[PDB]
>>> print(open('coords-v2.tsv').read())   # TSV, C-alpha atoms and all ligand atoms
chain	number	residue	atom	x	y	z
A	2	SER	CA	202.61	304.92	127.13
A	3	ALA	CA	203.65	307.97	129.40
A	4	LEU	CA	201.98	311.16	130.82
A	5	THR	CA	203.02	314.42	129.06
A	6	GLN	CA	203.90	317.44	131.24
A	7	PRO	CA	205.78	320.79	130.56
A	8	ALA	CA	209.54	320.74	131.03
A	9	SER	CA	210.04	324.02	132.95
A	10	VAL	CA	207.82	326.50	134.81
A	11	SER	CA	209.12	329.58	136.70
A	12	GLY	CA	207.21	331.85	139.16
A	13	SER	CA	207.59	335.01	141.27
A	14	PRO	CA	207.18	334.72	145.11
A	15	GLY	CA	203.45	335.11	145.85
A	16	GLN	CA	201.95	334.09	142.47
A	17	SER	CA	199.91	330.99	141.57
A	18	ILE	CA	201.37	328.34	139.26
A	19	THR	CA	199.82	325.65	137.05
A	20	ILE	CA	201.50	322.36	135.99
A	21	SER	CA	199.45	320.33	133.47
A	22	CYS	CA	199.64	316.52	133.02
A	23	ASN	CA	198.30	315.34	129.60
A	24	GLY	CA	196.99	311.81	129.32
A	25	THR	CA	194.49	309.46	127.64
A	26	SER	CA	190.91	308.16	128.22
A	27	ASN	CA	192.77	305.06	129.59
A	28	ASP	CA	194.26	307.06	132.53
A	29	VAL	CA	193.57	310.74	133.40
A	30	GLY	CA	190.50	310.78	131.15
A	31	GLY	CA	188.43	307.93	132.58
A	32	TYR	CA	189.70	307.65	136.20
A	33	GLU	CA	189.75	309.83	139.31
A	34	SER	CA	193.16	308.56	140.44
A	35	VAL	CA	195.78	311.16	139.38
A	36	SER	CA	198.41	312.06	142.04
A	37	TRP	CA	201.17	314.67	142.35
A	38	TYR	CA	204.63	314.26	143.92
A	39	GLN	CA	207.52	316.69	144.75
A	40	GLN	CA	211.25	315.93	144.50
A	41	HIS	CA	213.61	317.93	146.59
A	42	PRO	CA	217.27	316.97	145.75
A	43	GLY	CA	218.27	314.67	148.67
A	44	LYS	CA	214.63	313.77	149.43
A	45	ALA	CA	212.21	310.96	148.67
A	46	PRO	CA	209.02	312.02	146.73
A	47	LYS	CA	206.13	313.44	148.82
A	48	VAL	CA	202.47	313.20	147.79
A	49	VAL	CA	200.89	316.69	147.75
A	50	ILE	CA	197.66	315.77	145.87
A	51	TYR	CA	196.04	312.32	145.46
A	52	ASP	CA	192.85	311.17	143.62
A	53	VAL	CA	192.83	314.47	141.60
A	54	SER	CA	192.20	317.07	144.28
A	55	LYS	CA	192.72	315.61	147.74
A	56	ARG	CA	195.46	316.85	149.97
A	57	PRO	CA	197.01	314.50	152.61
A	58	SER	CA	197.77	315.76	156.14
A	59	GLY	CA	200.62	318.27	156.67
A	60	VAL	CA	200.50	319.38	153.03
A	61	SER	CA	199.78	323.12	152.69
A	62	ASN	CA	196.36	324.36	151.52
A	63	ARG	CA	198.27	326.36	148.82
A	64	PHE	CA	198.22	323.10	146.78
A	65	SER	CA	195.13	322.19	144.78
A	66	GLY	CA	194.20	319.56	142.24
A	67	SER	CA	191.97	319.46	139.13
A	68	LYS	CA	191.10	317.56	135.94
A	69	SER	CA	189.35	318.34	132.65
A	70	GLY	CA	189.22	315.87	129.75
A	71	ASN	CA	192.57	314.08	129.49
A	72	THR	CA	194.40	316.98	131.31
A	73	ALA	CA	195.22	316.94	135.07
A	74	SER	CA	196.41	320.15	136.85
A	75	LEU	CA	198.41	320.96	140.03
A	76	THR	CA	197.96	324.53	141.34
A	77	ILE	CA	200.48	325.88	143.82
A	78	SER	CA	199.30	329.36	144.95
A	79	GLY	CA	201.19	331.86	147.15
A	80	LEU	CA	204.60	330.63	145.92
A	81	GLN	CA	207.34	330.32	148.59
A	82	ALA	CA	211.03	329.24	148.57
A	83	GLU	CA	210.41	325.59	149.68
A	84	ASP	CA	208.19	325.14	146.58
A	85	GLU	CA	211.28	325.11	144.27
A	86	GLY	CA	211.48	321.53	143.10
A	87	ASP	CA	210.80	318.81	140.55
A	88	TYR	CA	207.13	317.89	140.14
A	89	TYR	CA	205.66	314.61	138.81
A	90	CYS	CA	202.13	313.29	138.13
A	91	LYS	CA	201.00	309.67	138.47
A	92	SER	CA	197.70	308.04	137.34
A	93	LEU	CA	196.10	304.62	137.89
A	94	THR	CA	194.90	303.04	134.56
A	95	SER	CA	192.02	300.75	133.36
A	96	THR	CA	194.24	297.85	134.54
A	97	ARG	CA	196.72	297.39	137.43
A	98	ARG	CA	199.50	299.36	135.63
A	99	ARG	CA	200.39	303.01	136.35
A	100	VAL	CA	201.66	305.86	134.13
A	101	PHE	CA	204.19	308.60	134.90
A	102	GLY	CA	204.67	312.23	134.01
A	103	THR	CA	207.82	313.45	132.21
A	104	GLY	CA	208.34	315.89	135.14
A	105	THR	CA	208.40	319.68	135.61
A	106	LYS	CA	211.29	321.77	137.11
A	107	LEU	CA	209.46	324.47	139.08
A	108	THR	CA	211.68	327.47	139.85
A	109	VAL	CA	210.88	330.31	142.35
A	110	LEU	CA	212.53	333.72	141.64
A	111	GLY	CA	213.15	335.80	144.84
A	112	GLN	CA	216.33	333.68	145.05
A	113	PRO	CA	219.08	335.76	146.83
A	114	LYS	CA	222.71	334.57	146.19
A	115	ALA	CA	224.30	332.76	149.18
A	116	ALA	CA	227.91	331.68	148.89
A	117	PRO	CA	228.77	328.37	150.61
A	118	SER	CA	230.36	328.16	154.07
A	119	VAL	CA	233.13	325.63	153.89
A	120	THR	CA	234.19	323.35	156.77
A	121	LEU	CA	237.13	320.97	156.13
A	122	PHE	CA	237.50	317.83	158.25
A	123	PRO	CA	240.66	315.77	158.62
A	124	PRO	CA	240.18	311.99	158.96
A	125	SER	CA	239.22	310.95	162.54
A	126	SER	CA	241.67	308.84	164.73
A	127	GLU	CA	238.80	306.25	164.88
A	128	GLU	CA	238.76	306.02	160.98
A	129	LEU	CA	242.58	305.98	161.01
A	130	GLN	CA	242.96	302.65	162.82
A	131	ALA	CA	240.30	301.35	160.37
A	132	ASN	CA	243.02	301.96	157.61
A	133	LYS	CA	241.27	304.79	155.75
A	134	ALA	CA	241.77	308.59	155.45
A	135	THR	CA	238.76	310.44	154.06
A	136	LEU	CA	238.92	314.21	154.18
A	137	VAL	CA	235.35	315.66	154.42
A	138	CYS	CA	234.57	319.09	153.01
A	139	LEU	CA	231.04	320.16	154.21
A	140	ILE	CA	229.63	322.80	151.84
A	141	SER	CA	226.61	324.51	153.41
A	142	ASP	CA	224.00	327.24	153.07
A	143	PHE	CA	224.48	327.87	149.32
A	144	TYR	CA	222.23	329.31	146.59
A	145	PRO	CA	221.66	328.51	143.72
A	146	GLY	CA	222.26	324.79	144.38
A	147	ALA	CA	225.46	324.20	142.27
A	148	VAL	CA	229.26	324.23	142.93
A	149	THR	CA	232.51	323.03	141.31
A	150	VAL	CA	234.86	321.45	143.87
A	151	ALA	CA	238.75	321.29	143.60
A	152	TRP	CA	241.19	319.40	145.83
A	153	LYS	CA	244.94	319.98	146.23
A	154	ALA	CA	247.83	318.02	147.91
A	155	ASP	CA	249.14	321.36	149.28
A	156	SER	CA	249.57	323.17	145.87
A	157	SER	CA	249.79	320.06	143.60
A	158	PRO	CA	246.09	319.42	142.58
A	159	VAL	CA	244.48	315.98	142.80
A	160	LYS	CA	241.78	314.37	140.58
A	161	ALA	CA	242.02	310.83	142.09
A	162	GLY	CA	239.89	309.61	144.98
A	163	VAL	CA	237.42	312.57	144.64
A	164	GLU	CA	233.70	312.10	145.25
A	165	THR	CA	231.10	314.87	145.43
A	166	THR	CA	227.48	314.51	146.67
A	167	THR	CA	224.64	316.30	144.92
A	168	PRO	CA	223.33	319.40	146.76
A	169	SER	CA	220.39	318.64	149.12
A	170	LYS	CA	217.82	321.34	149.98
A	171	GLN	CA	218.09	322.08	153.72
A	172	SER	CA	215.23	323.34	155.99
A	173	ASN	CA	216.14	327.05	155.19
A	174	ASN	CA	215.91	326.08	151.44
A	175	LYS	CA	219.63	326.72	150.90
A	176	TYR	CA	221.71	323.82	149.56
A	177	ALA	CA	224.25	321.68	151.35
A	178	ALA	CA	226.71	319.21	149.85
A	179	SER	CA	229.86	317.20	150.77
A	180	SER	CA	233.10	316.41	148.96
A	181	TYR	CA	235.19	313.41	149.99
A	182	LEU	CA	238.87	312.95	149.01
A	183	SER	CA	239.49	309.29	149.92
A	184	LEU	CA	243.17	308.63	150.79
A	185	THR	CA	245.34	305.88	152.42
A	186	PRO	CA	246.74	306.65	155.94
A	187	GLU	CA	250.34	306.92	154.53
A	188	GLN	CA	249.10	309.20	151.70
A	189	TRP	CA	247.54	311.50	154.38
A	190	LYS	CA	250.53	311.35	156.78
A	191	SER	CA	252.91	312.34	153.91
A	192	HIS	CA	251.49	315.67	152.50
A	193	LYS	CA	252.13	318.75	154.78
A	194	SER	CA	248.80	320.38	153.51
A	195	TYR	CA	245.43	319.71	151.84
A	196	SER	CA	242.92	322.18	150.35
A	197	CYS	CA	239.23	322.18	149.51
A	198	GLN	CA	238.07	324.77	146.97
A	199	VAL	CA	234.46	325.24	145.87
A	200	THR	CA	233.64	327.64	143.10
A	201	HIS	CA	230.12	329.11	143.14
A	202	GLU	CA	229.00	331.76	140.60
A	203	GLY	CA	232.65	332.83	140.12
A	204	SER	CA	233.37	333.46	143.84
A	205	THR	CA	235.63	330.77	145.40
A	206	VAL	CA	235.82	329.55	149.10
A	207	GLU	CA	239.00	327.74	150.43
A	208	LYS	CA	239.56	325.78	153.68
A	209	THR	CA	242.86	324.17	154.77
A	210	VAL	CA	243.89	321.45	157.19
A	211	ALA	CA	247.36	319.92	158.08
A	212	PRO	CA	248.29	316.59	159.77
A	213	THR	CA	249.56	316.51	163.41
A	301	LIG	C1	198.59	319.43	126.72
A	301	LIG	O1	197.45	319.43	125.88
A	301	LIG	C2	196.84	320.72	125.88
A	301	LIG	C3	195.37	320.58	125.44
A	301	LIG	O2	194.55	320.31	126.58
A	301	LIG	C4	197.74	321.72	125.09
A	301	LIG	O3	197.29	323.03	125.46
A	301	LIG	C5	196.99	323.94	124.38
A	301	LIG	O4	198.25	324.43	123.88
A	301	LIG	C6	198.23	325.55	122.93
A	301	LIG	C7	199.67	325.81	122.39
A	301	LIG	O5	200.67	324.88	122.84
A	301	LIG	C8	197.50	326.83	123.51
A	301	LIG	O6	197.50	328.02	122.62
A	301	LIG	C9	196.09	326.41	124.11
A	301	LIG	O7	195.30	327.47	124.76
A	301	LIG	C10	196.04	325.07	124.95
A	301	LIG	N1	194.65	324.57	124.90
A	301	LIG	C11	193.79	324.41	125.96
A	301	LIG	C12	192.46	323.89	125.50
A	301	LIG	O8	194.07	324.66	127.14
A	301	LIG	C13	199.24	321.60	125.55
A	301	LIG	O9	200.14	322.05	124.52
A	301	LIG	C14	199.74	320.20	126.01
A	301	LIG	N2	201.01	320.38	126.74
A	301	LIG	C15	201.76	319.42	127.42
A	301	LIG	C16	203.02	320.00	128.03
A	301	LIG	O10	201.49	318.22	127.53
>>> encode(input="coords-v2.tsv", output="structure tokens", more="lines below")
Ligand SMILES: *[C@@H]1O[C@H](CO)[C@@H](O[C@@H]2O[C@H](CO)[C@@H](O)[C@H](O)[C@H]2NC(C)=O)[C@H](O)[C@H]1NC(C)=O
Amino acid sequence: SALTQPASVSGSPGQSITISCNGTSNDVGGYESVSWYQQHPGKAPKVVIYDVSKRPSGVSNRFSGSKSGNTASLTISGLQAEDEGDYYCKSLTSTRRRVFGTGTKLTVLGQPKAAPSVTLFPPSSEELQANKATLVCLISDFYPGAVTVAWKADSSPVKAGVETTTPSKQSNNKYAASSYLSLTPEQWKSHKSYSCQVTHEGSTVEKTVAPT
């Protein structure tokens, strides 16, 4: 089977928050081995609570663990911006197998808008001899963490060779992403202009670059 947890939980900056993790006598109920992880977009999970209530080193004392019956609970007090993430519970069973929580999208609410700062890179002379032409559009310091990109071969828009990373929570908790328009060196040499245009909560940001 699987561990049941709420889908979404939202909190105001400073408040305490509780994420439950419902299980059975075969996991949460009969064992002291429930652990909590946090997913930040471009990050690998980080253990905040292990064996019900134990915090590892470098994890804030604002995190606490608990269990009653078949229900485990993670308590984040004094909510801050970095706390906005995806939370998951894990438990060791009667056997060697392990069970996983459905996950919980924890949202903080102070959340000031921050339009992205766009930086458009032409392909490097180093990459050019390598027979590739990837234009890199570095979208940074944006909030909330979502954008719609749009490339153009001067004015004529392009939908081919477009790749867009998922936003990754930076150290200041704002998001940063990257869009790649992969072209051939003749393709690049030809067009007199290229444009990168992100759209974020209606407001659009546009950078331009031209070959030399
Ligand atoms: C997890 O199971 C708990 C029981 O421990 C459920 O919590 C109860 O839910 C109802 C309505 O949904 C409330 O009015 C009660 O006060 C809760 N009871 C207790 C004893 O705390 C809960 O619905 C389950 N949820 C998930 C997401 O797994």
>>> atom_distance(input="coords-v2.tsv", atom1="CA of residue 142 (chain A)", atom2="CA of residue 200 (chain A)")
13.9 Å
>>> residues_around(input="coords-v2.tsv", residues="region 40-49 of chain A", least_positions_apart="3", cutoff="8 Å", atoms="only C-alpha atoms", output="short mmCIF file (atom, residue, chain, number, x, y, z; two decimals) with C-alpha atoms, keeping the file's coordinate frame")
data_model
loop_
_atom_site.label_atom_id
_atom_site.label_comp_id
_atom_site.auth_asym_id
_atom_site.auth_seq_id
_atom_site.Cartn_x
_atom_site.Cartn_y
_atom_site.Cartn_z
CA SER A 36 198.41 312.06 142.04
CA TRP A 37 201.17 314.67 142.35
CA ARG A 56 195.46 316.85 149.97
CA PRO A 57 197.01 314.50 152.61
CA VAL A 60 200.50 319.38 153.03
CA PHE A 64 198.22 323.10 146.78
CA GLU A 85 211.28 325.11 144.27
CA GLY A 86 211.48 321.53 143.10
CA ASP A 87 210.80 318.81 140.55
CA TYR A 88 207.13 317.89 140.14
CA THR A 167 224.64 316.30 144.92
CA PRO A 168 223.33 319.40 146.76
CA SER A 169 220.39 318.64 149.12
CA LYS A 170 217.82 321.34 149.98
#
>>> closest_atom_pairs(input="coords-v2.tsv", of="chain A", to="ligand LIG 301 (chain A)", cutoff="9 Å", atoms="only C-alpha atoms and all ligand atoms", output="tab-separated table")
residue	atom	partner	partner_atom	distance
A:4	CA	A:LIG301	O10	7.8
A:5	CA	A:LIG301	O10	4.4
A:6	CA	A:LIG301	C16	4.2
A:7	CA	A:LIG301	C16	3.8
A:8	CA	A:LIG301	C16	7.2
A:20	CA	A:LIG301	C16	8.4
A:21	CA	A:LIG301	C16	6.5
A:22	CA	A:LIG301	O10	6.0
A:23	CA	A:LIG301	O10	4.8
A:24	CA	A:LIG301	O10	8.0
A:69	CA	A:LIG301	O2	8.2
A:70	CA	A:LIG301	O2	7.6
A:71	CA	A:LIG301	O2	7.2
A:72	CA	A:LIG301	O2	5.8
>>> atom_distance(input="coords-v2.tsv", atom1="CA of residue 107 (chain A)", atom2="CA of residue 84 (chain A)")
7.6 Å
>>> closest_atom_pairs(input="coords-v2.tsv", of="region 18-134 of chain A", to="region 172-189 of chain A", cutoff="12 Å", atoms="all atoms listed in the file", output="Markdown table")
| residue | atom | partner | partner_atom | distance |
| --- | --- | --- | --- | --- |
| A:41 | CA | A:174 | CA | 9.8 |
| A:42 | CA | A:176 | CA | 9.0 |
| A:43 | CA | A:177 | CA | 9.6 |
| A:44 | CA | A:172 | CA | 11.6 |
| A:81 | CA | A:174 | CA | 10.0 |
| A:82 | CA | A:174 | CA | 6.5 |
| A:83 | CA | A:174 | CA | 5.8 |
| A:84 | CA | A:174 | CA | 9.2 |
| A:85 | CA | A:174 | CA | 8.6 |
| A:86 | CA | A:174 | CA | 10.5 |
| A:109 | CA | A:174 | CA | 11.2 |
| A:112 | CA | A:175 | CA | 9.7 |
| A:113 | CA | A:175 | CA | 9.9 |
| A:114 | CA | A:175 | CA | 9.7 |
| A:115 | CA | A:175 | CA | 7.8 |
| A:116 | CA | A:175 | CA | 9.9 |
| A:117 | CA | A:177 | CA | 8.1 |
| A:118 | CA | A:177 | CA | 9.3 |
| A:119 | CA | A:179 | CA | 9.6 |
| A:120 | CA | A:179 | CA | 9.6 |
| A:121 | CA | A:180 | CA | 9.4 |
| A:122 | CA | A:181 | CA | 9.6 |
| A:123 | CA | A:189 | CA | 9.1 |
| A:124 | CA | A:189 | CA | 8.7 |
| A:125 | CA | A:186 | CA | 10.9 |
| A:126 | CA | A:186 | CA | 10.4 |
| A:127 | CA | A:186 | CA | 12.0 |
| A:128 | CA | A:186 | CA | 9.5 |
| A:129 | CA | A:186 | CA | 6.6 |
| A:130 | CA | A:186 | CA | 8.8 |
| A:131 | CA | A:186 | CA | 9.4 |
| A:132 | CA | A:186 | CA | 6.2 |
| A:133 | CA | A:185 | CA | 5.4 |
| A:134 | CA | A:184 | CA | 4.9 |
>>> residues_near_point(input="coords-v2.tsv", point="(198.8, 301.8, 136.1)", cutoff="12 Å", atoms="all atoms listed in the file", output="ChimeraX atom specification")
/A:2-4,27-29,32,34-36,91-101
>>> residues_around(input="coords-v2.tsv", residues="residue 13 (chain A)", least_positions_apart="4", cutoff="8 Å", atoms="only C-alpha atoms", output="JSON list (two decimals) with C-alpha atoms, keeping the file's coordinate frame")
[["chain", "number", "residue", "atom", "x", "y", "z"],
["A", 80, "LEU", "CA", 204.60, 330.63, 145.92],
["A", 109, "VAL", "CA", 210.88, 330.31, 142.35],
["A", 110, "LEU", "CA", 212.53, 333.72, 141.64],
["A", 111, "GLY", "CA", 213.15, 335.80, 144.84]]
>>> atom_distance(input="coords-v2.tsv", atom1="CA of residue 149 (chain A)", atom2="CA of residue 38 (chain A)")
29.3 Å
>>> residues_near_point(input="coords-v2.tsv", point="(197.3, 325.6, 140.7)", cutoff="7 Å", atoms="all atoms listed in the file", output="ChimeraX atom specification")
/A:17-19,64-66,74-78
>>> closest_residue(input="coords-v2.tsv", among="A:213, A:31, A:154, A:105", to="residue 198 (chain A)", atoms="all atoms listed in the file")
A:154
>>> axis_aligned_box(input="coords-v2.tsv", around="region 59-75 of chain A", padding_each_side="4 Å", output="lines of an AutoDock Vina configuration file")
center_x = 194.9
center_y = 320.2
center_z = 143.1
size_x = 19.4
size_y = 20.3
size_z = 35.2
